[PDB]
$ cat coords.txt   # compact mmCIF, C-alpha atoms
# COMPACT_ATOMS: atom_id res chain seq x y z
CA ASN A 677 129.56 158.24 92.24
CA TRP A 678 130.27 156.68 88.82
CA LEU A 679 133.63 154.87 89.08
CA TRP A 680 132.38 152.61 91.89
CA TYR A 681 129.14 151.59 90.19
CA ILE A 682 130.92 151.07 86.84
CA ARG A 683 133.99 149.45 88.59
CA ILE A 684 132.08 146.63 90.35
CA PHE A 685 130.37 146.17 87.00
CA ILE A 686 133.76 145.24 85.51
CA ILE A 687 134.21 142.75 88.36
CA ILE A 688 130.81 141.30 87.31
CA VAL A 689 132.16 141.07 83.72
CA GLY A 690 135.20 139.20 85.13
CA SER A 691 132.73 136.80 86.74
CA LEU A 692 130.91 136.68 83.40
CA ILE A 693 133.90 135.20 81.54
CA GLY A 694 134.39 132.63 84.35
CA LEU A 695 130.82 131.60 83.40
CA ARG A 696 131.87 131.16 79.72
CA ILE A 697 133.97 128.03 80.59
CA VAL A 698 130.78 125.90 81.07
CA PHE A 699 130.26 126.34 77.29
CA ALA A 700 133.24 123.99 76.83
CA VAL A 701 131.24 121.45 78.85
CA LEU A 702 128.12 122.56 76.89
CA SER A 703 129.87 121.57 73.64
CA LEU A 704 129.96 117.94 74.84
CA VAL A 705 126.20 118.24 75.48
CA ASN A 706 125.94 120.01 72.11
CA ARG A 707 127.51 117.00 70.38
CA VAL A 708 124.47 114.92 71.27
CA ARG A 709 121.80 117.69 71.20
CA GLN A 710 123.26 119.54 68.20
CA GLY A 711 124.42 116.47 66.18
CA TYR A 712 128.27 116.61 66.06
CA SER A 713 128.58 116.07 62.25
CA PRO A 714 127.34 118.88 59.84
CA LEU A 715 123.89 119.45 61.36
CA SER A 716 122.53 120.70 57.99
CA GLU A 739 115.77 114.33 66.75
CA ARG A 740 115.09 111.38 69.12
CA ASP A 741 118.49 111.89 70.82
CA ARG A 742 116.79 114.29 73.32
CA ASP A 743 115.71 111.24 75.36
CA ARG A 744 119.39 110.26 75.54
CA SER A 745 120.28 113.96 75.98
CA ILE A 746 118.45 114.03 79.34
CA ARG A 747 120.85 111.20 80.29
CA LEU A 748 123.39 114.06 80.37
CA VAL A 749 121.93 115.06 83.79
CA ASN A 750 123.72 112.04 85.30
CA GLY A 751 126.20 112.24 82.42
CA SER A 752 127.55 115.44 84.03
CA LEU A 753 129.05 113.32 86.84
CA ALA A 754 130.38 110.67 84.43
CA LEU A 755 131.62 113.26 81.87
CA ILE A 756 134.10 114.74 84.35
CA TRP A 757 134.81 111.23 85.74
CA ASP A 758 136.13 109.77 82.42
CA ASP A 759 139.03 112.26 82.49
CA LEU A 760 139.65 111.77 86.24
CA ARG A 761 139.66 107.96 86.00
CA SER A 762 141.48 107.77 82.63
CA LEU A 763 144.60 109.45 84.07
CA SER A 764 144.55 107.87 87.55
CA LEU A 765 141.75 105.20 87.54
CA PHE A 766 141.83 104.57 91.32
CA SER A 767 142.83 106.81 94.29
CA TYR A 768 145.80 109.18 93.83
CA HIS A 769 148.49 106.48 93.46
CA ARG A 770 147.63 104.42 90.36
CA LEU A 771 148.11 107.62 88.34
CA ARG A 772 151.87 107.34 88.98
CA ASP A 773 151.81 104.35 86.60
CA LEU A 774 149.82 106.24 83.93
CA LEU A 775 152.14 109.26 84.26
CA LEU A 776 155.15 107.17 83.14
CA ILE A 777 153.40 106.55 79.80
CA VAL A 778 153.85 110.24 78.85
CA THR A 779 157.68 109.88 78.87
CA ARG A 780 157.47 106.48 77.21
CA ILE A 781 155.24 107.79 74.40
CA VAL A 782 157.74 110.44 73.17
CA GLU A 783 160.56 107.85 73.23
CA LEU A 784 158.40 105.21 71.51
CA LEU A 785 157.00 107.68 68.96
CA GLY A 786 160.49 109.19 68.41
CA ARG A 787 161.10 106.12 66.20
CA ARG A 788 158.13 105.68 63.83
CA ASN B 677 144.16 148.23 96.24
CA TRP B 678 142.92 151.59 94.88
CA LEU B 679 141.75 152.22 91.29
CA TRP B 680 145.36 152.00 89.98
CA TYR B 681 146.00 148.47 91.26
CA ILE B 682 142.43 147.56 90.26
CA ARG B 683 142.83 149.25 86.82
CA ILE B 684 145.49 146.77 85.76
CA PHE B 685 143.56 144.08 87.68
CA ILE B 686 140.69 144.61 85.24
CA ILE B 687 143.26 144.55 82.39
CA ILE B 688 144.52 141.08 83.54
CA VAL B 689 140.89 139.86 83.24
CA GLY B 690 141.07 141.17 79.65
CA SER B 691 144.05 138.81 79.19
CA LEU B 692 142.02 136.03 80.81
CA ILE B 693 139.42 136.02 77.99
CA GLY B 694 141.92 135.28 75.15
CA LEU B 695 143.09 132.21 77.12
CA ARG B 696 139.68 130.62 76.40
CA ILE B 697 140.47 130.25 72.64
CA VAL B 698 143.25 127.92 73.61
CA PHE B 699 140.73 125.88 75.67
CA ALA B 700 139.09 124.95 72.34
CA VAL B 701 142.07 122.64 71.59
CA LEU B 702 141.48 121.15 75.10
CA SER B 703 137.85 120.32 74.18
CA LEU B 704 139.07 118.03 71.39
CA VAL B 705 141.27 116.25 73.93
CA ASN B 706 138.53 116.33 76.55
CA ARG B 707 135.76 114.72 74.42
CA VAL B 708 138.10 112.03 73.13
CA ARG B 709 139.29 111.54 76.70
CA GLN B 710 135.58 111.50 77.77
CA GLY B 711 134.75 108.55 75.46
CA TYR B 712 132.11 110.52 73.49
CA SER B 713 128.80 112.40 73.88
CA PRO B 714 126.78 111.81 77.21
CA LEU B 715 128.61 108.62 78.19
CA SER B 716 127.05 108.35 81.73
CA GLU B 739 138.05 103.54 76.28
CA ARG B 740 141.36 102.17 74.97
CA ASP B 741 141.81 105.33 72.85
CA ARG B 742 143.64 107.02 75.82
CA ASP B 743 146.90 105.88 74.20
CA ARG B 744 145.53 107.56 71.05
CA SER B 745 144.62 110.69 73.05
CA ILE B 746 148.31 111.06 73.96
CA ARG B 747 148.84 111.04 70.13
CA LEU B 748 147.40 114.58 70.29
CA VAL B 749 150.75 115.46 72.02
CA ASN B 750 152.27 115.58 68.52
CA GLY B 751 148.80 116.74 67.46
CA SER B 752 149.88 120.36 68.00
CA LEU B 753 151.61 120.28 64.58
CA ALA B 754 148.77 118.37 62.89
CA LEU B 755 146.00 120.52 64.51
CA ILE B 756 147.00 123.65 62.56
CA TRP B 757 147.67 121.42 59.52
CA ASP B 758 144.03 120.16 59.27
CA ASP B 759 142.76 123.76 59.04
CA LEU B 760 145.80 124.95 57.02
CA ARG B 761 145.60 122.11 54.46
CA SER B 762 141.78 122.42 54.12
CA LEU B 763 141.89 126.01 52.81
CA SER B 764 144.71 125.55 50.23
CA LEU B 765 145.46 121.78 50.19
CA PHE B 766 149.13 120.85 49.51
CA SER B 767 150.56 124.21 48.26
CA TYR B 768 149.81 127.86 49.24
CA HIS B 769 149.06 129.26 45.72
CA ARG B 770 146.22 126.79 45.02
CA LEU B 771 144.26 128.42 47.87
CA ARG B 772 143.34 131.17 45.40
CA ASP B 773 141.60 128.40 43.38
CA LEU B 774 140.01 126.87 46.50
CA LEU B 775 138.66 130.29 47.53
CA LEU B 776 136.58 130.36 44.33
CA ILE B 777 134.81 127.17 45.52
CA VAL B 778 132.98 129.07 48.33
CA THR B 779 131.36 131.43 45.78
CA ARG B 780 130.13 128.38 43.84
CA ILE B 781 128.49 126.93 46.95
CA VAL B 782 126.15 129.91 47.42
CA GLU B 783 125.45 130.01 43.67
CA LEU B 784 124.77 126.24 43.46
CA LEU B 785 122.89 125.89 46.79
CA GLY B 786 120.68 128.90 45.95
CA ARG B 787 119.61 127.10 42.74
CA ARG B 788 116.45 124.92 42.74
CA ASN C 677 144.33 161.40 78.94
CA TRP C 678 144.42 158.27 81.17
CA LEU C 679 141.42 157.25 83.34
CA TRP C 680 139.04 158.93 80.86
CA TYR C 681 140.36 156.98 77.86
CA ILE C 682 140.71 153.87 80.06
CA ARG C 683 137.12 154.07 81.51
CA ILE C 684 135.56 153.64 78.04
CA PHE C 685 138.31 151.14 77.20
CA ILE C 686 136.95 149.24 80.18
CA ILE C 687 133.52 149.33 78.47
CA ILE C 688 135.12 147.81 75.34
CA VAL C 689 136.74 145.11 77.55
CA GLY C 690 133.17 143.94 78.40
CA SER C 691 131.97 143.61 74.75
CA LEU C 692 134.95 141.66 73.41
CA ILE C 693 134.58 138.83 76.06
CA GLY C 694 131.11 137.94 74.64
CA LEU C 695 132.56 138.00 71.09
CA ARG C 696 134.56 134.88 72.05
CA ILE C 697 131.34 132.78 72.31
CA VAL C 698 130.98 132.45 68.47
CA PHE C 699 134.13 130.25 68.69
CA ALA C 700 131.89 127.56 70.25
CA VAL C 701 130.11 127.65 66.86
CA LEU C 702 133.57 127.47 65.19
CA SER C 703 134.31 124.41 67.36
CA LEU C 704 131.46 122.53 65.65
CA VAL C 705 133.08 123.34 62.29
CA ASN C 706 136.50 122.51 63.72
CA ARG C 707 135.21 119.21 65.11
CA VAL C 708 134.44 117.77 61.68
CA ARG C 709 136.92 119.85 59.65
CA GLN C 710 139.83 119.44 62.13
CA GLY C 711 139.07 115.77 62.95
CA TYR C 712 137.03 115.22 66.16
CA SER C 713 139.73 112.76 67.37
CA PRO C 714 143.55 113.47 67.66
CA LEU C 715 144.12 114.63 64.07
CA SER C 716 147.81 113.58 64.37
CA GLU C 739 140.76 116.44 53.54
CA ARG C 740 138.50 115.48 50.59
CA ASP C 741 135.59 115.68 53.09
CA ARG C 742 135.64 119.50 52.54
CA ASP C 743 132.91 119.10 49.88
CA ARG C 744 130.65 117.53 52.54
CA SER C 745 131.85 120.01 55.19
CA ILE C 746 130.55 122.74 52.83
CA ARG C 747 127.01 121.75 53.89
CA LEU C 748 127.97 123.11 57.33
CA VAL C 749 127.85 126.60 55.66
CA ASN C 750 124.04 126.34 55.51
CA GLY C 751 124.39 124.36 58.77
CA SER C 752 124.11 127.68 60.66
CA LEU C 753 120.32 127.67 60.11
CA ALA C 754 119.99 123.98 61.05
CA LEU C 755 122.43 124.31 64.00
CA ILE C 756 120.16 126.57 66.08
CA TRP C 757 117.02 124.61 65.07
CA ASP C 758 118.17 121.20 66.47
CA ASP C 759 118.02 122.74 69.98
CA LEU C 760 114.83 124.81 69.34
CA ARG C 761 112.94 122.17 67.33
CA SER C 762 113.89 119.30 69.70
CA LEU C 763 111.44 120.63 72.31
CA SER C 764 108.31 120.87 70.09
CA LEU C 765 109.39 119.03 66.89
CA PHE C 766 106.18 120.22 65.19
CA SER C 767 103.41 122.64 66.31
CA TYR C 768 104.45 124.71 69.37
CA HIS C 769 101.53 123.05 71.23
CA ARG C 770 103.53 119.78 71.10
CA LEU C 771 106.22 121.48 73.23
CA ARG C 772 103.83 121.31 76.21
CA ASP C 773 103.85 117.49 76.11
CA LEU C 774 107.66 117.42 75.67
CA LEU C 775 108.13 119.40 78.91
CA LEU C 776 106.26 116.73 80.90
CA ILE C 777 108.18 113.73 79.52
CA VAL C 778 111.46 115.55 80.25
CA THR C 779 110.64 115.51 84.02
CA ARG C 780 109.58 111.83 83.65
CA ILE C 781 113.03 110.82 82.37
CA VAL C 782 114.71 112.40 85.42
CA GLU C 783 111.88 110.90 87.53
CA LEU C 784 112.75 107.37 86.36
CA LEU C 785 116.44 108.01 87.09
CA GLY C 786 115.60 109.49 90.51
CA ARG C 787 114.30 106.06 91.62
CA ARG C 788 116.10 102.69 91.35
$ encode --input "coords.txt" --output "structure tokens"
Amino acid sequence: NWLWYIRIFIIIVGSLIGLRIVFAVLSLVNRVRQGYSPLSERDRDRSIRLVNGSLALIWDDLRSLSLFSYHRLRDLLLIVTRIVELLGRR
Amino acid sequence: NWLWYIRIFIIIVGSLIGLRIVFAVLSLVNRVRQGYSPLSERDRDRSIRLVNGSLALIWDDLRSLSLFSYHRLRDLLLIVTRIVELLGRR
Amino acid sequence: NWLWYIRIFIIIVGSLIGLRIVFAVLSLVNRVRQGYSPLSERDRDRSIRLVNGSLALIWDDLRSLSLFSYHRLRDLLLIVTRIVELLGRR
């Protein structure tokens, strides 16, 4: 058989691109490891802090929108409507 | 499922990959929303500024190449050749 | 004139997904050139250094481990576990 061996392979490729998303997260790590501004070396000590920073990195977004349990976010959500109205008049 | 249903199924995955380019705009929002590099911020109001940022986002890249008009870009393009010539020099 | 053309097309579908990864490199350029924060451009002269930045960009990650003399990399590996070790305990 050829289709089956090559077919599952495509499914693996599909899995492969799902893997690519971590690179977005990697870029945050890259900022510190790769020096955000035009990179044209001590920060590795701080870079290891990214191990724990992985938990906090995803937490900043989760807590920024909601802050506390799924309830406080209702207050933050109103800001989105208010911002277009407020910005509408520079 | 059969190869026919799976054939297009593989094709959808092909569509899935292009979606990732759009994620790059998300990373700008994400890092700002994440405070900064390995954080282990008031700017959230500023993050929402990125809402209108869709217009400005293409403008930073668009204005960098030409700057102001769209004919000047021919002049700006010459700059890149000078960089390699100048940087290659002692 | 269907599955045969499509089977190789499937092969091409695999290659193109990996092509997308260079954009992560583009994101570094975009970060500074497109404004790391909600961009809602004289710095281009400085951004030009990012052109040669390609050589430096890969080296920050590679050179961080050893810094100087590959032998030094052996000592770096040990301290890396130590950092996590310190974090592991109160």
$ closest_residue --input "coords.txt" --among "C:788, C:770, C:761, C:696" --to "residue 739 of chain A" --atoms "all atoms listed in the file"
C:761
$ axis_aligned_box --input "coords.txt" --around "segment 762-774 of chain C" --padding-each-side "8 Å" --output "JSON"
{"center_x": 107.7, "center_y": 121.1, "center_z": 70.7, "size_x": 28.4, "size_y": 23.3, "size_z": 27.0}
$ calpha_fit_and_write --input "coords.txt" --fixed "chain B" --moving "chain A" --output "compact mmCIF listing (two decimals) with C-alpha atoms, in the frame of the given file"
# COMPACT_ATOMS: atom_id res chain seq x y z
CA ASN A 677 146.82 153.24 95.94
CA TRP A 678 143.79 151.08 95.04
CA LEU A 679 142.81 151.96 91.45
CA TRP A 680 146.24 150.96 90.09
CA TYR A 681 146.42 147.60 91.86
CA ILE A 682 142.78 146.80 90.98
CA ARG A 683 143.20 148.31 87.42
CA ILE A 684 146.11 146.07 86.31
CA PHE A 685 144.05 143.25 87.79
CA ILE A 686 141.37 143.96 85.17
CA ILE A 687 144.10 143.83 82.51
CA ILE A 688 144.99 140.38 83.94
CA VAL A 689 141.29 139.41 83.60
CA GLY A 690 141.47 140.58 79.95
CA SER A 691 144.43 138.23 79.55
CA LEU A 692 142.37 135.58 81.34
CA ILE A 693 139.65 135.51 78.66
CA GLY A 694 142.34 135.33 75.93
CA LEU A 695 143.32 132.11 77.76
CA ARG A 696 139.72 130.79 77.48
CA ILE A 697 140.08 130.31 73.66
CA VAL A 698 142.34 127.21 74.16
CA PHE A 699 139.20 125.51 75.58
CA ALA A 700 137.86 125.48 72.00
CA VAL A 701 140.99 123.49 71.11
CA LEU A 702 140.51 121.52 74.38
CA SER A 703 137.05 120.44 73.15
CA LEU A 704 138.71 118.59 70.25
CA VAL A 705 140.93 116.86 72.84
CA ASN A 706 137.79 116.39 74.96
CA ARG A 707 136.11 114.51 72.10
CA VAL A 708 138.64 111.72 72.45
CA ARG A 709 139.30 111.98 76.24
CA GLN A 710 135.69 112.74 77.19
CA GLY A 711 133.95 110.46 74.62
CA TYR A 712 132.07 112.77 72.18
CA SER A 713 128.70 110.88 72.35
CA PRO A 714 126.66 110.97 75.68
CA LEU A 715 129.46 109.99 78.08
CA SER A 716 126.92 108.53 80.57
CA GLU A 739 138.78 104.17 78.74
CA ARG A 740 141.69 102.85 76.60
CA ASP A 741 141.52 105.96 74.36
CA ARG A 742 144.05 107.69 76.71
CA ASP A 743 146.87 105.91 74.83
CA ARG A 744 145.52 107.50 71.64
CA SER A 745 144.83 110.71 73.61
CA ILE A 746 148.58 111.18 74.21
CA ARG A 747 148.83 111.12 70.39
CA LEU A 748 147.22 114.58 70.73
CA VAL A 749 150.69 115.92 71.73
CA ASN A 750 151.73 115.62 68.07
CA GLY A 751 148.05 115.92 67.14
CA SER A 752 148.27 119.59 68.21
CA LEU A 753 150.41 120.31 65.12
CA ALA A 754 148.18 118.23 62.82
CA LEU A 755 144.92 119.56 64.37
CA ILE A 756 145.68 123.13 63.28
CA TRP A 757 147.20 121.81 60.01
CA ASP A 758 143.97 120.12 58.75
CA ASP A 759 142.26 123.53 58.59
CA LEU A 760 145.33 125.25 57.07
CA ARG A 761 145.80 122.58 54.37
CA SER A 762 142.07 122.02 53.70
CA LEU A 763 141.60 125.63 52.54
CA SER A 764 144.94 126.10 50.74
CA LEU A 765 146.69 122.65 50.69
CA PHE A 766 150.06 123.96 49.42
CA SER A 767 151.79 127.38 49.77
CA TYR A 768 149.61 130.52 49.58
CA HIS A 769 148.54 130.13 45.93
CA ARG A 770 146.60 126.85 45.64
CA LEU A 771 144.05 128.38 48.03
CA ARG A 772 142.94 130.70 45.19
CA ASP A 773 141.43 127.58 43.56
CA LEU A 774 139.67 126.49 46.78
CA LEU A 775 138.36 130.04 47.34
CA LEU A 776 136.39 129.90 44.06
CA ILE A 777 134.39 126.96 45.45
CA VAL A 778 132.69 129.28 47.99
CA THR A 779 131.02 131.31 45.17
CA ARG A 780 130.28 128.16 43.21
CA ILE A 781 128.62 126.47 46.20
CA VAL A 782 125.93 129.17 46.68
CA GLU A 783 125.16 129.12 42.93
CA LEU A 784 125.12 125.30 42.82
CA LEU A 785 123.09 125.00 46.04
CA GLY A 786 120.75 127.82 44.91
CA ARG A 787 119.10 125.13 42.74
CA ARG A 788 118.47 122.02 44.88
$ interface_residues --input "coords.txt" --of "chain C" --to "chain B" --cutoff "6 Å" --atoms "only C-alpha atoms" --output "JSON, numbers by chain"
{"C": [693, 710, 714, 716]}
$ write_last_selection --input "coords.txt" --atoms "C-alpha atoms" --output "mmCIF file, in the coordinates of the input"
data_model
loop_
_atom_site.group_PDB
_atom_site.id
_atom_site.type_symbol
_atom_site.label_atom_id
_atom_site.label_comp_id
_atom_site.auth_asym_id
_atom_site.auth_seq_id
_atom_site.Cartn_x
_atom_site.Cartn_y
_atom_site.Cartn_z
ATOM 1 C CA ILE C 693 134.580 138.830 76.060
ATOM 2 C CA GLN C 710 139.830 119.440 62.130
ATOM 3 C CA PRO C 714 143.550 113.470 67.660
ATOM 4 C CA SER C 716 147.810 113.580 64.370
#
$ atom_distance --input "coords.txt" --atom1 "atom CA of residue 678 of chain C" --atom2 "atom CA of residue 677 of chain A"
18.5 Å
$ atom_distance --input "coords.txt" --atom1 "atom CA of residue 742 of chain A" --atom2 "atom CA of residue 786 of chain C"
17.9 Å
$ atom_distance --input "coords.txt" --atom1 "atom CA of residue 743 of chain A" --atom2 "atom CA of residue 771 of chain C"
14.1 Å
$ decode --input "coords.txt" --residues "segment 756-777 of chain B" --atoms "N, CA, C and O atoms" --output "PDB file, in the first residue's frame"
ATOM      1  N   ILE B 756      -0.588  48.241   9.129  1.00  0.00           N
ATOM      2  CA  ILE B 756      -0.118  48.185   7.739  1.00  0.00           C
ATOM      3  C   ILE B 756       0.625  49.485   7.402  1.00  0.00           C
ATOM      4  O   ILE B 756       1.516  49.509   6.553  1.00  0.00           O
ATOM      5  N   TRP B 757       0.240  50.584   8.061  1.00  0.00           N
ATOM      6  CA  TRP B 757       0.847  51.887   7.814  1.00  0.00           C
ATOM      7  C   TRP B 757       2.314  51.954   8.275  1.00  0.00           C
ATOM      8  O   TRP B 757       3.131  52.616   7.631  1.00  0.00           O
ATOM      9  N   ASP B 758       2.682  51.280   9.382  1.00  0.00           N
ATOM     10  CA  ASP B 758       4.080  51.317   9.840  1.00  0.00           C
ATOM     11  C   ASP B 758       4.982  50.706   8.763  1.00  0.00           C
ATOM     12  O   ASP B 758       6.001  51.280   8.377  1.00  0.00           O
ATOM     13  N   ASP B 759       4.584  49.534   8.259  1.00  0.00           N
ATOM     14  CA  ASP B 759       5.329  48.837   7.206  1.00  0.00           C
ATOM     15  C   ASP B 759       5.220  49.570   5.855  1.00  0.00           C
ATOM     16  O   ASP B 759       6.178  49.639   5.081  1.00  0.00           O
ATOM     17  N   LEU B 760       4.028  50.095   5.555  1.00  0.00           N
ATOM     18  CA  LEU B 760       3.774  50.795   4.288  1.00  0.00           C
ATOM     19  C   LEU B 760       4.557  52.112   4.212  1.00  0.00           C
ATOM     20  O   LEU B 760       5.154  52.449   3.185  1.00  0.00           O
ATOM     21  N   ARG B 761       4.546  52.868   5.307  1.00  0.00           N
ATOM     22  CA  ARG B 761       5.231  54.160   5.373  1.00  0.00           C
ATOM     23  C   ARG B 761       6.760  54.013   5.482  1.00  0.00           C
ATOM     24  O   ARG B 761       7.506  54.923   5.116  1.00  0.00           O
ATOM     25  N   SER B 762       7.239  52.873   5.987  1.00  0.00           N
ATOM     26  CA  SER B 762       8.683  52.656   6.132  1.00  0.00           C
ATOM     27  C   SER B 762       9.364  52.527   4.764  1.00  0.00           C
ATOM     28  O   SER B 762      10.426  53.102   4.514  1.00  0.00           O
ATOM     29  N   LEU B 763       8.754  51.744   3.880  1.00  0.00           N
ATOM     30  CA  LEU B 763       9.306  51.504   2.543  1.00  0.00           C
ATOM     31  C   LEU B 763       9.376  52.789   1.698  1.00  0.00           C
ATOM     32  O   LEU B 763      10.428  53.121   1.148  1.00  0.00           O
ATOM     33  N   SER B 764       8.249  53.503   1.562  1.00  0.00           N
ATOM     34  CA  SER B 764       8.213  54.729   0.752  1.00  0.00           C
ATOM     35  C   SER B 764       8.347  56.004   1.589  1.00  0.00           C
ATOM     36  O   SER B 764       9.130  56.898   1.268  1.00  0.00           O
ATOM     37  N   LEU B 765       7.547  56.103   2.661  1.00  0.00           N
ATOM     38  CA  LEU B 765       7.537  57.281   3.547  1.00  0.00           C
ATOM     39  C   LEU B 765       6.823  58.460   2.871  1.00  0.00           C
ATOM     40  O   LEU B 765       7.360  59.136   1.993  1.00  0.00           O
ATOM     41  N   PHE B 766       5.583  58.711   3.319  1.00  0.00           N
ATOM     42  CA  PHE B 766       4.729  59.808   2.821  1.00  0.00           C
ATOM     43  C   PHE B 766       4.044  59.454   1.480  1.00  0.00           C
ATOM     44  O   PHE B 766       2.861  59.098   1.457  1.00  0.00           O
ATOM     45  N   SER B 767       4.764  59.571   0.354  1.00  0.00           N
ATOM     46  CA  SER B 767       4.186  59.284  -0.965  1.00  0.00           C
ATOM     47  C   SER B 767       4.493  57.845  -1.410  1.00  0.00           C
ATOM     48  O   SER B 767       5.051  57.053  -0.649  1.00  0.00           O
ATOM     49  N   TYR B 768       4.121  57.498  -2.655  1.00  0.00           N
ATOM     50  CA  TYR B 768       4.365  56.149  -3.189  1.00  0.00           C
ATOM     51  C   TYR B 768       5.368  56.163  -4.364  1.00  0.00           C
ATOM     52  O   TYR B 768       5.729  55.110  -4.900  1.00  0.00           O
ATOM     53  N   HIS B 769       5.850  57.353  -4.757  1.00  0.00           N
ATOM     54  CA  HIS B 769       6.840  57.472  -5.843  1.00  0.00           C
ATOM     55  C   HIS B 769       8.256  57.513  -5.244  1.00  0.00           C
ATOM     56  O   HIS B 769       9.218  56.974  -5.794  1.00  0.00           O
ATOM     57  N   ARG B 770       8.356  58.140  -4.073  1.00  0.00           N
ATOM     58  CA  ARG B 770       9.602  58.255  -3.323  1.00  0.00           C
ATOM     59  C   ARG B 770      10.216  56.879  -3.035  1.00  0.00           C
ATOM     60  O   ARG B 770      11.425  56.752  -2.818  1.00  0.00           O
ATOM     61  N   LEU B 771       9.372  55.842  -2.959  1.00  0.00           N
ATOM     62  CA  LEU B 771       9.839  54.498  -2.606  1.00  0.00           C
ATOM     63  C   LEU B 771      10.930  54.063  -3.580  1.00  0.00           C
ATOM     64  O   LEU B 771      11.865  53.354  -3.196  1.00  0.00           O
ATOM     65  N   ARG B 772      10.874  54.541  -4.823  1.00  0.00           N
ATOM     66  CA  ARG B 772      11.928  54.234  -5.778  1.00  0.00           C
ATOM     67  C   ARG B 772      13.263  54.772  -5.233  1.00  0.00           C
ATOM     68  O   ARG B 772      14.306  54.124  -5.353  1.00  0.00           O
ATOM     69  N   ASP B 773      13.226  55.960  -4.596  1.00  0.00           N
ATOM     70  CA  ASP B 773      14.426  56.556  -4.008  1.00  0.00           C
ATOM     71  C   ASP B 773      14.865  55.739  -2.781  1.00  0.00           C
ATOM     72  O   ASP B 773      16.046  55.432  -2.599  1.00  0.00           O
ATOM     73  N   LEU B 774      13.895  55.397  -1.928  1.00  0.00           N
ATOM     74  CA  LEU B 774      14.170  54.632  -0.716  1.00  0.00           C
ATOM     75  C   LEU B 774      14.792  53.276  -1.048  1.00  0.00           C
ATOM     76  O   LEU B 774      15.672  52.785  -0.335  1.00  0.00           O
ATOM     77  N   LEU B 775      14.330  52.655  -2.134  1.00  0.00           N
ATOM     78  CA  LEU B 775      14.839  51.348  -2.545  1.00  0.00           C
ATOM     79  C   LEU B 775      16.349  51.412  -2.777  1.00  0.00           C
ATOM     80  O   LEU B 775      17.074  50.471  -2.473  1.00  0.00           O
ATOM     81  N   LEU B 776      16.835  52.531  -3.313  1.00  0.00           N
ATOM     82  CA  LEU B 776      18.271  52.689  -3.557  1.00  0.00           C
ATOM     83  C   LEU B 776      19.056  52.615  -2.241  1.00  0.00           C
ATOM     84  O   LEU B 776      20.222  52.213  -2.228  1.00  0.00           O
ATOM     85  N   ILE B 777      18.436  53.022  -1.122  1.00  0.00           N
ATOM     86  CA  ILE B 777      19.137  53.000   0.165  1.00  0.00           C
ATOM     87  C   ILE B 777      19.671  51.595   0.476  1.00  0.00           C
ATOM     88  O   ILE B 777      20.804  51.455   0.937  1.00  0.00           O
TER      89      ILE B 777
END
